[PDB]
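Novice: File follows, upload_6.pdb with PDB, N, CA and C atoms:
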MODEL        1
ATOM      1  N   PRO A   6      14.371  81.280 -55.732  1.00  0.00           N
ATOM      2  CA  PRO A   6      14.376  82.656 -56.223  1.00  0.00           C
ATOM      3  C   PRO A   6      14.919  82.753 -57.653  1.00  0.00           C
ATOM      4  N   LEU A   7      15.884  81.896 -58.014  1.00  0.00           N
ATOM      5  CA  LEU A   7      16.279  81.625 -59.390  1.00  0.00           C
ATOM      6  C   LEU A   7      15.557  80.374 -59.909  1.00  0.00           C
ATOM      7  N   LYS A   8      15.096  80.425 -61.160  1.00  0.00           N
ATOM      8  CA  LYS A   8      14.347  79.362 -61.826  1.00  0.00           C
ATOM      9  C   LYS A   8      15.232  78.421 -62.633  1.00  0.00           C
ATOM     10  N   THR A   9      14.926  77.124 -62.550  1.00  0.00           N
ATOM     11  CA  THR A   9      15.691  76.073 -63.243  1.00  0.00           C
ATOM     12  C   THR A   9      15.015  75.695 -64.551  1.00  0.00           C
ATOM     13  N   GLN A  10      15.841  75.343 -65.525  1.00  0.00           N
ATOM     14  CA  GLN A  10      15.523  75.291 -66.948  1.00  0.00           C
ATOM     15  C   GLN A  10      16.535  74.376 -67.651  1.00  0.00           C
ATOM     16  N   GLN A  11      16.097  73.600 -68.653  1.00  0.00           N
ATOM     17  CA  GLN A  11      16.954  72.904 -69.586  1.00  0.00           C
ATOM     18  C   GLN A  11      16.568  73.156 -71.053  1.00  0.00           C
ATOM     19  N   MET A  12      17.576  73.378 -71.899  1.00  0.00           N
ATOM     20  CA  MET A  12      17.449  73.526 -73.355  1.00  0.00           C
ATOM     21  C   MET A  12      17.925  72.286 -74.113  1.00  0.00           C
ATOM     22  N   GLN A  13      17.645  72.247 -75.416  1.00  0.00           N
ATOM     23  CA  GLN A  13      18.278  71.332 -76.366  1.00  0.00           C
ATOM     24  C   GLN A  13      19.410  72.051 -77.120  1.00  0.00           C
ATOM     25  N   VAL A  14      20.398  71.301 -77.611  1.00  0.00           N
ATOM     26  CA  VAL A  14      21.728  71.813 -77.975  1.00  0.00           C
ATOM     27  C   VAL A  14      22.246  71.085 -79.214  1.00  0.00           C
ATOM     28  N   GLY A  15      22.904  71.825 -80.113  1.00  0.00           N
ATOM     29  CA  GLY A  15      23.285  71.335 -81.443  1.00  0.00           C
ATOM     30  C   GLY A  15      24.641  70.633 -81.552  1.00  0.00           C
ATOM     31  N   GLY A  16      25.522  70.715 -80.541  1.00  0.00           N
ATOM     32  CA  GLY A  16      26.884  70.167 -80.672  1.00  0.00           C
ATOM     33  C   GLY A  16      27.824  70.183 -79.457  1.00  0.00           C
ATOM     34  N   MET A  17      27.302  70.305 -78.233  1.00  0.00           N
ATOM     35  CA  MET A  17      28.079  70.101 -76.997  1.00  0.00           C
ATOM     36  C   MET A  17      28.516  68.636 -76.861  1.00  0.00           C
ATOM     37  N   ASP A  18      29.743  68.385 -77.310  1.00  0.00           N
ATOM     38  CA  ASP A  18      30.653  67.360 -76.802  1.00  0.00           C
ATOM     39  C   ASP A  18      30.933  67.543 -75.283  1.00  0.00           C
ATOM     40  N   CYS A  19      31.661  66.596 -74.702  1.00  0.00           N
ATOM     41  CA  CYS A  19      32.166  66.644 -73.336  1.00  0.00           C
ATOM     42  C   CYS A  19      33.625  67.131 -73.343  1.00  0.00           C
ATOM     43  N   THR A  20      34.489  66.335 -73.992  1.00  0.00           N
ATOM     44  CA  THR A  20      35.959  66.369 -74.109  1.00  0.00           C
ATOM     45  C   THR A  20      36.555  67.765 -74.144  1.00  0.00           C
ATOM     46  N   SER A  21      35.941  68.674 -74.883  1.00  0.00           N
ATOM     47  CA  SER A  21      36.263  70.095 -74.902  1.00  0.00           C
ATOM     48  C   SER A  21      35.053  70.908 -75.369  1.00  0.00           C
ATOM     49  N   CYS A  22      33.962  70.898 -74.577  1.00  0.00           N
ATOM     50  CA  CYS A  22      32.670  71.510 -74.936  1.00  0.00           C
ATOM     51  C   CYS A  22      31.723  71.675 -73.753  1.00  0.00           C
ATOM     52  N   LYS A  23      31.561  70.668 -72.879  1.00  0.00           N
ATOM     53  CA  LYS A  23      30.863  70.898 -71.601  1.00  0.00           C
ATOM     54  C   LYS A  23      31.514  72.077 -70.855  1.00  0.00           C
ATOM     55  N   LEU A  24      32.851  72.013 -70.748  1.00  0.00           N
ATOM     56  CA  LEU A  24      33.694  73.029 -70.136  1.00  0.00           C
ATOM     57  C   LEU A  24      33.476  74.408 -70.732  1.00  0.00           C
ATOM     58  N   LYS A  25      33.507  74.482 -72.060  1.00  0.00           N
ATOM     59  CA  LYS A  25      33.477  75.754 -72.772  1.00  0.00           C
ATOM     60  C   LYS A  25      32.157  76.515 -72.589  1.00  0.00           C
ATOM     61  N   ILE A  26      31.075  75.818 -72.218  1.00  0.00           N
ATOM     62  CA  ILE A  26      29.856  76.426 -71.674  1.00  0.00           C
ATOM     63  C   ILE A  26      30.085  76.829 -70.225  1.00  0.00           C
ATOM     64  N   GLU A  27      30.167  75.834 -69.338  1.00  0.00           N
ATOM     65  CA  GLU A  27      29.894  75.971 -67.907  1.00  0.00           C
ATOM     66  C   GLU A  27      30.825  77.009 -67.262  1.00  0.00           C
ATOM     67  N   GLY A  28      32.138  76.942 -67.540  1.00  0.00           N
ATOM     68  CA  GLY A  28      33.121  77.866 -66.952  1.00  0.00           C
ATOM     69  C   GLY A  28      33.233  79.206 -67.660  1.00  0.00           C
ATOM     70  N   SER A  29      32.334  79.519 -68.591  1.00  0.00           N
ATOM     71  CA  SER A  29      32.097  80.919 -68.931  1.00  0.00           C
ATOM     72  C   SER A  29      30.985  81.512 -68.064  1.00  0.00           C
ATOM     73  N   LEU A  30      29.836  80.826 -67.937  1.00  0.00           N
ATOM     74  CA  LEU A  30      28.652  81.254 -67.186  1.00  0.00           C
ATOM     75  C   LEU A  30      28.941  81.708 -65.748  1.00  0.00           C
ATOM     76  N   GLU A  31      29.866  81.049 -65.037  1.00  0.00           N
ATOM     77  CA  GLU A  31      30.298  81.486 -63.695  1.00  0.00           C
ATOM     78  C   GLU A  31      30.802  82.937 -63.695  1.00  0.00           C
ATOM     79  N   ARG A  32      31.535  83.309 -64.750  1.00  0.00           N
ATOM     80  CA  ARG A  32      32.038  84.674 -64.955  1.00  0.00           C
ATOM     81  C   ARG A  32      31.015  85.589 -65.656  1.00  0.00           C
ATOM     82  N   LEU A  33      29.914  85.024 -66.168  1.00  0.00           N
ATOM     83  CA  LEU A  33      28.751  85.777 -66.631  1.00  0.00           C
ATOM     84  C   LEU A  33      27.859  86.174 -65.450  1.00  0.00           C
ATOM     85  N   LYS A  34      26.780  86.876 -65.762  1.00  0.00           N
ATOM     86  CA  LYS A  34      25.868  87.488 -64.792  1.00  0.00           C
ATOM     87  C   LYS A  34      24.479  86.833 -64.911  1.00  0.00           C
ATOM     88  N   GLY A  35      23.600  86.974 -63.914  1.00  0.00           N
ATOM     89  CA  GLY A  35      22.167  86.651 -64.024  1.00  0.00           C
ATOM     90  C   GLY A  35      21.841  85.174 -63.849  1.00  0.00           C
ATOM     91  N   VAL A  36      22.749  84.312 -64.268  1.00  0.00           N
ATOM     92  CA  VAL A  36      22.754  82.877 -63.951  1.00  0.00           C
ATOM     93  C   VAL A  36      23.634  82.627 -62.719  1.00  0.00           C
ATOM     94  N   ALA A  37      23.245  81.671 -61.868  1.00  0.00           N
ATOM     95  CA  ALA A  37      23.976  81.345 -60.634  1.00  0.00           C
ATOM     96  C   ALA A  37      24.100  79.837 -60.337  1.00  0.00           C
ATOM     97  N   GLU A  38      23.392  78.965 -61.064  1.00  0.00           N
ATOM     98  CA  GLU A  38      23.709  77.537 -61.174  1.00  0.00           C
ATOM     99  C   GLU A  38      23.731  77.136 -62.650  1.00  0.00           C
ATOM    100  N   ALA A  39      24.395  76.027 -62.964  1.00  0.00           N
ATOM    101  CA  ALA A  39      24.217  75.338 -64.241  1.00  0.00           C
ATOM    102  C   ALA A  39      24.708  73.875 -64.172  1.00  0.00           C
ATOM    103  N   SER A  40      24.477  73.079 -65.222  1.00  0.00           N
ATOM    104  CA  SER A  40      25.140  71.784 -65.502  1.00  0.00           C
ATOM    105  C   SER A  40      24.723  71.183 -66.859  1.00  0.00           C
ATOM    106  N   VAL A  41      25.647  70.540 -67.580  1.00  0.00           N
ATOM    107  CA  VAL A  41      25.310  69.875 -68.859  1.00  0.00           C
ATOM    108  C   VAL A  41      24.565  68.537 -68.706  1.00  0.00           C
ATOM    109  N   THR A  42      23.756  68.210 -69.728  1.00  0.00           N
ATOM    110  CA  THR A  42      23.211  66.873 -70.031  1.00  0.00           C
ATOM    111  C   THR A  42      23.579  66.533 -71.478  1.00  0.00           C
ATOM    112  N   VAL A  43      24.881  66.348 -71.696  1.00  0.00           N
ATOM    113  CA  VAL A  43      25.497  65.964 -72.990  1.00  0.00           C
ATOM    114  C   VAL A  43      24.890  64.660 -73.524  1.00  0.00           C
ATOM    115  N   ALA A  44      24.493  63.750 -72.626  1.00  0.00           N
ATOM    116  CA  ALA A  44      23.816  62.486 -72.927  1.00  0.00           C
ATOM    117  C   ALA A  44      22.409  62.631 -73.557  1.00  0.00           C
ATOM    118  N   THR A  45      21.973  63.846 -73.916  1.00  0.00           N
ATOM    119  CA  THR A  45      20.732  64.089 -74.673  1.00  0.00           C
ATOM    120  C   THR A  45      20.886  65.304 -75.599  1.00  0.00           C
ATOM    121  N   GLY A  46      22.094  65.880 -75.704  1.00  0.00           N
ATOM    122  CA  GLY A  46      22.336  67.171 -76.353  1.00  0.00           C
ATOM    123  C   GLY A  46      21.520  68.261 -75.671  1.00  0.00           C
ATOM    124  N   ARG A  47      21.688  68.407 -74.349  1.00  0.00           N
ATOM    125  CA  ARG A  47      20.947  69.362 -73.522  1.00  0.00           C
ATOM    126  C   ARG A  47      21.858  70.094 -72.528  1.00  0.00           C
ATOM    127  N   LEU A  48      21.458  71.305 -72.135  1.00  0.00           N
ATOM    128  CA  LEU A  48      22.115  72.096 -71.085  1.00  0.00           C
ATOM    129  C   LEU A  48      21.081  72.513 -70.046  1.00  0.00           C
ATOM    130  N   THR A  49      21.377  72.319 -68.757  1.00  0.00           N
ATOM    131  CA  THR A  49      20.574  72.818 -67.634  1.00  0.00           C
ATOM    132  C   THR A  49      21.220  74.079 -67.077  1.00  0.00           C
ATOM    133  N   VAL A  50      20.398  75.061 -66.733  1.00  0.00           N
ATOM    134  CA  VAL A  50      20.785  76.255 -65.969  1.00  0.00           C
ATOM    135  C   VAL A  50      19.789  76.508 -64.843  1.00  0.00           C
ATOM    136  N   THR A  51      20.229  77.223 -63.804  1.00  0.00           N
ATOM    137  CA  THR A  51      19.289  77.964 -62.933  1.00  0.00           C
ATOM    138  C   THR A  51      19.630  79.454 -62.896  1.00  0.00           C
ATOM    139  N   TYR A  52      18.673  80.279 -63.334  1.00  0.00           N
ATOM    140  CA  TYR A  52      18.836  81.728 -63.541  1.00  0.00           C
ATOM    141  C   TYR A  52      17.937  82.650 -62.685  1.00  0.00           C
ATOM    142  N   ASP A  53      18.509  83.774 -62.258  1.00  0.00           N
ATOM    143  CA  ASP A  53      17.880  84.820 -61.455  1.00  0.00           C
ATOM    144  C   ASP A  53      17.293  85.907 -62.382  1.00  0.00           C
ATOM    145  N   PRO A  54      15.953  86.028 -62.493  1.00  0.00           N
ATOM    146  CA  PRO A  54      15.285  86.794 -63.550  1.00  0.00           C
ATOM    147  C   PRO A  54      15.281  88.314 -63.294  1.00  0.00           C
ATOM    148  N   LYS A  55      16.335  88.846 -62.666  1.00  0.00           N
ATOM    149  CA  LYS A  55      16.455  90.272 -62.340  1.00  0.00           C
ATOM    150  C   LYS A  55      17.056  91.130 -63.469  1.00  0.00           C
ATOM    151  N   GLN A  56      17.821  90.558 -64.410  1.00  0.00           N
ATOM    152  CA  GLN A  56      18.580  91.314 -65.406  1.00  0.00           C
ATOM    153  C   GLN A  56      18.733  90.528 -66.717  1.00  0.00           C
ATOM    154  N   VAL A  57      19.669  89.575 -66.776  1.00  0.00           N
ATOM    155  CA  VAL A  57      19.940  88.698 -67.928  1.00  0.00           C
ATOM    156  C   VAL A  57      19.623  87.257 -67.530  1.00  0.00           C
ATOM    157  N   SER A  58      19.183  86.459 -68.500  1.00  0.00           N
ATOM    158  CA  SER A  58      18.583  85.138 -68.287  1.00  0.00           C
ATOM    159  C   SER A  58      19.040  84.207 -69.426  1.00  0.00           C
ATOM    160  N   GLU A  59      18.177  83.832 -70.373  1.00  0.00           N
ATOM    161  CA  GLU A  59      18.531  83.033 -71.561  1.00  0.00           C
ATOM    162  C   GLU A  59      19.698  83.642 -72.366  1.00  0.00           C
ATOM    163  N   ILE A  60      19.763  84.980 -72.390  1.00  0.00           N
ATOM    164  CA  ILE A  60      20.841  85.795 -72.979  1.00  0.00           C
ATOM    165  C   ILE A  60      22.214  85.210 -72.656  1.00  0.00           C
ATOM    166  N   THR A  61      22.554  85.041 -71.370  1.00  0.00           N
ATOM    167  CA  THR A  61      23.783  84.432 -70.807  1.00  0.00           C
ATOM    168  C   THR A  61      24.234  83.166 -71.529  1.00  0.00           C
ATOM    169  N   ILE A  62      23.271  82.349 -71.939  1.00  0.00           N
ATOM    170  CA  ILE A  62      23.493  81.056 -72.584  1.00  0.00           C
ATOM    171  C   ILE A  62      23.525  81.204 -74.107  1.00  0.00           C
ATOM    172  N   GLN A  63      22.771  82.162 -74.649  1.00  0.00           N
ATOM    173  CA  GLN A  63      22.819  82.560 -76.049  1.00  0.00           C
ATOM    174  C   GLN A  63      24.165  83.172 -76.426  1.00  0.00           C
ATOM    175  N   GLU A  64      24.661  84.137 -75.640  1.00  0.00           N
ATOM    176  CA  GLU A  64      26.032  84.669 -75.778  1.00  0.00           C
ATOM    177  C   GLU A  64      27.023  83.504 -75.783  1.00  0.00           C
ATOM    178  N   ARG A  65      26.884  82.587 -74.822  1.00  0.00           N
ATOM    179  CA  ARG A  65      27.873  81.547 -74.581  1.00  0.00           C
ATOM    180  C   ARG A  65      27.891  80.436 -75.624  1.00  0.00           C
ATOM    181  N   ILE A  66      26.726  79.952 -76.034  1.00  0.00           N
ATOM    182  CA  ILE A  66      26.599  78.932 -77.089  1.00  0.00           C
ATOM    183  C   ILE A  66      26.950  79.510 -78.469  1.00  0.00           C
ATOM    184  N   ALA A  67      26.486  80.721 -78.814  1.00  0.00           N
ATOM    185  CA  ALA A  67      26.816  81.354 -80.095  1.00  0.00           C
ATOM    186  C   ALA A  67      28.295  81.769 -80.195  1.00  0.00           C
ATOM    187  N   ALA A  68      28.930  82.204 -79.095  1.00  0.00           N
ATOM    188  CA  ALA A  68      30.373  82.500 -79.038  1.00  0.00           C
ATOM    189  C   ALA A  68      31.289  81.269 -79.208  1.00  0.00           C
ATOM    190  N   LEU A  69      30.726  80.071 -79.393  1.00  0.00           N
ATOM    191  CA  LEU A  69      31.458  78.843 -79.710  1.00  0.00           C
ATOM    192  C   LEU A  69      31.094  78.267 -81.092  1.00  0.00           C
ATOM    193  N   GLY A  70      30.186  78.906 -81.844  1.00  0.00           N
ATOM    194  CA  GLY A  70      29.733  78.456 -83.169  1.00  0.00           C
ATOM    195  C   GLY A  70      28.590  77.435 -83.144  1.00  0.00           C
ATOM    196  N   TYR A  71      27.996  77.166 -81.977  1.00  0.00           N
ATOM    197  CA  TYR A  71      26.922  76.184 -81.810  1.00  0.00           C
ATOM    198  C   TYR A  71      25.523  76.832 -81.760  1.00  0.00           C
ATOM    199  N   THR A  72      24.494  75.978 -81.787  1.00  0.00           N
ATOM    200  CA  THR A  72      23.070  76.297 -81.750  1.00  0.00           C
ATOM    201  C   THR A  72      22.436  75.802 -80.455  1.00  0.00           C
ATOM    202  N   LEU A  73      21.365  76.483 -80.036  1.00  0.00           N
ATOM    203  CA  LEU A  73      20.574  76.203 -78.833  1.00  0.00           C
ATOM    204  C   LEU A  73      19.068  76.278 -79.115  1.00  0.00           C
ATOM    205  N   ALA A  74      18.275  75.564 -78.320  1.00  0.00           N
ATOM    206  CA  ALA A  74      16.817  75.644 -78.316  1.00  0.00           C
ATOM    207  C   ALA A  74      16.284  75.561 -76.875  1.00  0.00           C
ATOM    208  N   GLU A  75      16.254  76.699 -76.174  1.00  0.00           N
ATOM    209  CA  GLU A  75      15.663  76.795 -74.836  1.00  0.00           C
ATOM    210  C   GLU A  75      14.134  76.928 -74.932  1.00  0.00           C
ATOM    211  N   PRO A  76      13.362  76.090 -74.212  1.00  0.00           N
ATOM    212  CA  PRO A  76      11.927  76.242 -74.077  1.00  0.00           C
ATOM    213  C   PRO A  76      11.621  77.329 -73.034  1.00  0.00           C
TER     214      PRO A  76
ENDMDL
END
Write the structure described by the file as structure tokens, please.

Specialist:
Amino acid sequence: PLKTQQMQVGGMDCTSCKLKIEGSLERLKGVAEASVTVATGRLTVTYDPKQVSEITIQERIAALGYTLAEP
């Protein structure tokens, strides 16, 4: 019922950066799964297309000074 998706990413480290994505999204809306692929500069999400979707990750990546490219 929620669709799974991965983007490309401009600067997600692990050490203090995987965290700074993932544990905001839980407190965000419209997304209900996620996980990083730092080993390719990528982020995976699974989102429920009822309200907010890519937005959730745009707010979150831009609120850290980084760039995203979701297909």

Novice: Taking the chain letters and numbering used in this document, name the residues of stretch 8-67 of chain A that DSSP puts in strand (DSSP E or B), as a ChimeraX atom specification.

Specialist: /A:8-14,36-42,47-52

Novice: Looking only at the backbone, which of the residues in stretch 16-48 of chain A does DSSP tag as helix (DSSP H, G or I), as an NGL selection string?

Specialist: :A and (23-30 or 43-45)

Novice: Which neighbours of residue A:42 fall inside 8 Å, counting all atoms listed in the file, when residues of the same chain fewer than 5 positions from it are skipped, and could you give them as a PyMOL selection string?

Specialist: chain A and resi 17+23+47-49

Novice: Using all atoms listed in the file, which of the listed residues (A:74, A:12, A:19, A:7) sits closest to residue A:43?

Specialist: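 Result for the nearest residue to residue A:43: A:19.
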
Novice: Once the PyMOL selection byres ((chain A and resi 25-30) around 7) is applied to the coordinates I shared, what remains selected? I want it as a PyMOL selection string.

Specialist: chain A and resi 21-24+31-34+36-37+39-41+61+65-66

Novice: So what do you get for atom CA of residue A:72 versus atom CA of residue A:45, distance-wise?

Specialist: 14.3 Å

Novice: For residue A:18, which of A:35, A:44, A:75, A:54 is the closest residue, counting all atoms listed in the file?

Specialist: A:44

Novice: What gap, in Å, lies between atom CA of residue A:73 and atom CA of residue A:6?

Specialist: 24.3 Å

Novice: To test the calculation: enclose all listed atoms of stretch 16-23 of chain A in a box whose edges run along x, y and z, add 8 Å on each side, then state centre and edge lengths in Å to one decimal, as JSON.

Specialist:
{"center_x": 31.0, "center_y": 69.2, "center_z": -75.8, "size_x": 27.0, "size_y": 21.7, "size_z": 25.8}

Novice: Which residue is closest to residue A:9? Choose from A:51, A:38, A:46, A:59 and count only N, CA and C atoms.

Specialist: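 Looking at the shortest contact to residue A:9, the residue is A:51.
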
Novice: So the first atom is atom N of residue A:64 and the second is atom CA of residue A:8; what is the distance between them in Å, to one decimal place?

Specialist: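 Taking atom N of residue A:64 as the start and atom CA of residue A:8 as the end point, the length is 17.9 Å.
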
Novice: Let me make sure I understand: among A:63, A:71, A:52, A:58, which one has the smallest atom-to-atom distance to residue A:14 if we use only N, CA and C atoms?

Specialist: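 The answer is A:71, which sits nearest to residue A:14.
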
Novice: Would it be fine to have stretch 9-38 of chain A, with N, CA and C atoms, given as an mmCIF file, in the first residue's frame?

Specialist:
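Saved the output as selection_7.cif:
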data_model
loop_
_atom_site.group_PDB
_atom_site.id
_atom_site.type_symbol
_atom_site.label_atom_id
_atom_site.label_comp_id
_atom_site.auth_asym_id
_atom_site.auth_seq_id
_atom_site.Cartn_x
_atom_site.Cartn_y
_atom_site.Cartn_z
ATOM 1 N N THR A 9 7.892 1.607 -2.460
ATOM 2 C CA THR A 9 9.328 1.666 -2.133
ATOM 3 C C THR A 9 10.110 2.291 -3.277
ATOM 4 N N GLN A 10 11.166 3.002 -2.908
ATOM 5 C CA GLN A 10 11.866 3.990 -3.720
ATOM 6 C C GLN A 10 13.278 4.193 -3.153
ATOM 7 N N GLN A 11 14.284 4.394 -4.015
ATOM 8 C CA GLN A 11 15.598 4.872 -3.646
ATOM 9 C C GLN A 11 16.061 6.064 -4.499
ATOM 10 N N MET A 12 16.655 7.064 -3.843
ATOM 11 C CA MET A 12 17.276 8.240 -4.466
ATOM 12 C C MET A 12 18.804 8.171 -4.454
ATOM 13 N N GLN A 13 19.441 9.085 -5.187
ATOM 14 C CA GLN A 13 20.865 9.393 -5.058
ATOM 15 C C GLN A 13 21.058 10.651 -4.193
ATOM 16 N N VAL A 14 22.220 10.785 -3.550
ATOM 17 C CA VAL A 14 22.429 11.661 -2.388
ATOM 18 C C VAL A 14 23.825 12.280 -2.445
ATOM 19 N N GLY A 15 23.930 13.558 -2.067
ATOM 20 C CA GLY A 15 25.144 14.362 -2.255
ATOM 21 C C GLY A 15 26.179 14.313 -1.129
ATOM 22 N N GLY A 16 25.852 13.778 0.059
ATOM 23 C CA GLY A 16 26.780 13.840 1.204
ATOM 24 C C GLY A 16 26.414 13.123 2.511
ATOM 25 N N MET A 17 25.501 12.148 2.485
ATOM 26 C CA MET A 17 25.246 11.245 3.622
ATOM 27 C C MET A 17 26.462 10.348 3.892
ATOM 28 N N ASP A 18 27.283 10.804 4.833
ATOM 29 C CA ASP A 18 28.103 9.991 5.729
ATOM 30 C C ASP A 18 27.237 8.999 6.557
ATOM 31 N N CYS A 19 27.899 8.138 7.321
ATOM 32 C CA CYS A 19 27.290 7.230 8.286
ATOM 33 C C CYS A 19 27.370 7.845 9.693
ATOM 34 N N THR A 20 28.613 8.046 10.159
ATOM 35 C CA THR A 20 29.110 8.473 11.480
ATOM 36 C C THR A 20 28.220 9.475 12.194
ATOM 37 N N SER A 21 27.707 10.460 11.474
ATOM 38 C CA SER A 21 26.703 11.406 11.942
ATOM 39 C C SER A 21 25.933 11.995 10.757
ATOM 40 N N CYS A 22 25.176 11.147 10.032
ATOM 41 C CA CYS A 22 24.482 11.514 8.785
ATOM 42 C C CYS A 22 23.423 10.504 8.356
ATOM 43 N N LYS A 23 23.697 9.189 8.395
ATOM 44 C CA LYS A 23 22.615 8.200 8.238
ATOM 45 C C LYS A 23 21.496 8.484 9.256
ATOM 46 N N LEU A 24 21.908 8.652 10.522
ATOM 47 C CA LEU A 24 21.049 8.982 11.650
ATOM 48 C C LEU A 24 20.215 10.227 11.406
ATOM 49 N N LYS A 25 20.876 11.295 10.966
ATOM 50 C CA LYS A 25 20.247 12.604 10.841
ATOM 51 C C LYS A 25 19.138 12.641 9.782
ATOM 52 N N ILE A 26 19.147 11.701 8.828
ATOM 53 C CA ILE A 26 17.997 11.391 7.973
ATOM 54 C C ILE A 26 16.979 10.575 8.757
ATOM 55 N N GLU A 27 17.313 9.310 9.027
ATOM 56 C CA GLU A 27 16.356 8.240 9.306
ATOM 57 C C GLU A 27 15.490 8.576 10.529
ATOM 58 N N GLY A 28 16.102 9.032 11.634
ATOM 59 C CA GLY A 28 15.371 9.354 12.871
ATOM 60 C C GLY A 28 14.732 10.732 12.887
ATOM 61 N N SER A 29 14.701 11.441 11.760
ATOM 62 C CA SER A 29 13.708 12.499 11.593
ATOM 63 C C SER A 29 12.431 11.955 10.951
ATOM 64 N N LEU A 30 12.541 11.193 9.850
ATOM 65 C CA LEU A 30 11.433 10.623 9.079
ATOM 66 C C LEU A 30 10.399 9.860 9.920
ATOM 67 N N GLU A 31 10.828 9.115 10.949
ATOM 68 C CA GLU A 31 9.905 8.447 11.886
ATOM 69 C C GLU A 31 8.923 9.435 12.534
ATOM 70 N N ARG A 32 9.425 10.626 12.878
ATOM 71 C CA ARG A 32 8.620 11.719 13.440
ATOM 72 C C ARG A 32 7.954 12.590 12.357
ATOM 73 N N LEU A 33 8.325 12.401 11.084
ATOM 74 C CA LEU A 33 7.615 12.961 9.936
ATOM 75 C C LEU A 33 6.393 12.106 9.586
ATOM 76 N N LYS A 34 5.670 12.538 8.564
ATOM 77 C CA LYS A 34 4.385 11.969 8.146
ATOM 78 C C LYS A 34 4.527 11.363 6.737
ATOM 79 N N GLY A 35 3.609 10.496 6.301
ATOM 80 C CA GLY A 35 3.471 10.074 4.896
ATOM 81 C C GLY A 35 4.435 8.975 4.473
ATOM 82 N N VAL A 36 5.621 8.969 5.054
ATOM 83 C CA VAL A 36 6.580 7.857 4.993
ATOM 84 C C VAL A 36 6.395 6.952 6.219
ATOM 85 N N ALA A 37 6.570 5.638 6.045
ATOM 86 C CA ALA A 37 6.397 4.653 7.125
ATOM 87 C C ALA A 37 7.462 3.539 7.157
ATOM 88 N N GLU A 38 8.312 3.413 6.132
ATOM 89 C CA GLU A 38 9.592 2.700 6.207
ATOM 90 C C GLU A 38 10.701 3.592 5.646
#
